[PDB]
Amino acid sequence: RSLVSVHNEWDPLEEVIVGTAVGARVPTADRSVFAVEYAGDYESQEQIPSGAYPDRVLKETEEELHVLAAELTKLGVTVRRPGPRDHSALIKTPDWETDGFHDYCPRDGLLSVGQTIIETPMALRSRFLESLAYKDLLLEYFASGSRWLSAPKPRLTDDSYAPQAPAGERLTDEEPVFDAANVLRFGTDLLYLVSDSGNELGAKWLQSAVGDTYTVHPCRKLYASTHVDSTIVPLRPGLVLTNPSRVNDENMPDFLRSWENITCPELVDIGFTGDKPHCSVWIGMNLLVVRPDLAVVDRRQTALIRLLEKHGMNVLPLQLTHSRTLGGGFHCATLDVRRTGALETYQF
């Protein structure tokens, strides 16, 4: 009886992983971090604000983070947190050198598709050994019958990046690279956004690793530059929330065309602490569905909670203050390893 059993984004959550803010940082300046994350706000990679986030943001989001875990426990969910890791410790391969990121977004490079966990081949050199903080959880999952796979570790030479190109095109297609957060899971159907943090070869590879049961749907016309997370948010079978500045009627994936679609209201601008914000105001949409009638939304998105309730979706409004600074909402900041339920196909 594997501990990892999960087929979609909305069934009744049994066990999740939450994630800390403890040594969060901005890696050293570098082609890849520049090309995938900051080459739209800064003139050159040497202007990226490398360094550790201010203590105030890590303190405050760590207590917010404690509340999330607390309430999910109250709801009956089993909460697991990351192991300790130094993010300033250097990582160095024959081709390049860097420091680490943070362990605030477990969603990003760990993908759970059934009884299997896949360590994806992340676009950023700093996240080269992303799963190191989770070795003990994984090991336990493994010893319980969960299948545990990894994608080949990428070369990630200068040629895989294209700072100067237009957005959603600065990640070349030389090898399978993709963050897990570029994939969304609707049972058999797997949606894969091809953008600045995941190429075509990555979805080529994603398909072979999960096999014929599932069908990977790569998308290159949505305007997400990086993760699908705050662009398409499924809520229960047959109802999906979309980002109106990005997805439209000529956009929408084909297997989702039958689901009823509710357009997100324009969000409140929670602030940002910095020079330039790290995330678009659309992390307001980064919600986490607990069961088909329960979802966690930031309590300042009163337009958004209203709407969700109008469609018979009860909310539990918690708050993540530094979301635009660290770039992570409830979904980015969690990883669901088991939801009660079975494997099905939602095309109506």
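Residues carry their position along the shown sequence, with the first being 1.
Student: Would 28 to 36 or 301 to 309 have the larger average of its C-alpha temperature factors, as given in the entry?
Tutor: Per the PDB record, 301 to 309.
Student: Identify the stretch, either 42 to 50 or 284 to 292, whose C-alpha atoms have the larger mean B-factor according to the entry.
Tutor: Between 284 to 292 and 42 to 50, it is 42 to 50 that shows the higher mean C-alpha B-factor.
Student: By the entry's C-alpha temperature factors, tell me which of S197, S88, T231, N248 sits highest.
Tutor: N248 has the highest C-alpha B-factor of those listed.
Student: Sort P106, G271, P154, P265 by C-alpha B-factor from the entry and give me just the highest.
Tutor: Among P106, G271, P154, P265, the PDB entry lists the largest C-alpha B-factor for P265.
Student: What third of its chain, lowest, middle or highest, does the C-alpha temperature factor of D11 fall into?
Tutor: Tercile = highest for this residue's CA B-factor.
Student: By its CA B factor, does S225 count among the lowest, middle or highest third of the modelled residues in the chain?
Tutor: Middle third of the chain for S225's C-alpha B-factor.
Student: Using the temperature factors of the C-alpha atoms in this entry, rank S5 within its chain: lowest, middle or highest third.
Tutor: For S5, the deposited C-alpha B-factor lands in the middle third.
Student: Lowest, middle or highest third of the chain for the C-alpha temperature factor of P176?
Tutor: Lowest third, going by the recorded CA B-factors of the chain.
Student: Quick one: classify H278 as lowest, middle or highest third of the chain based on its Cα B-factor.
Tutor: Top third by C-alpha B-factor.
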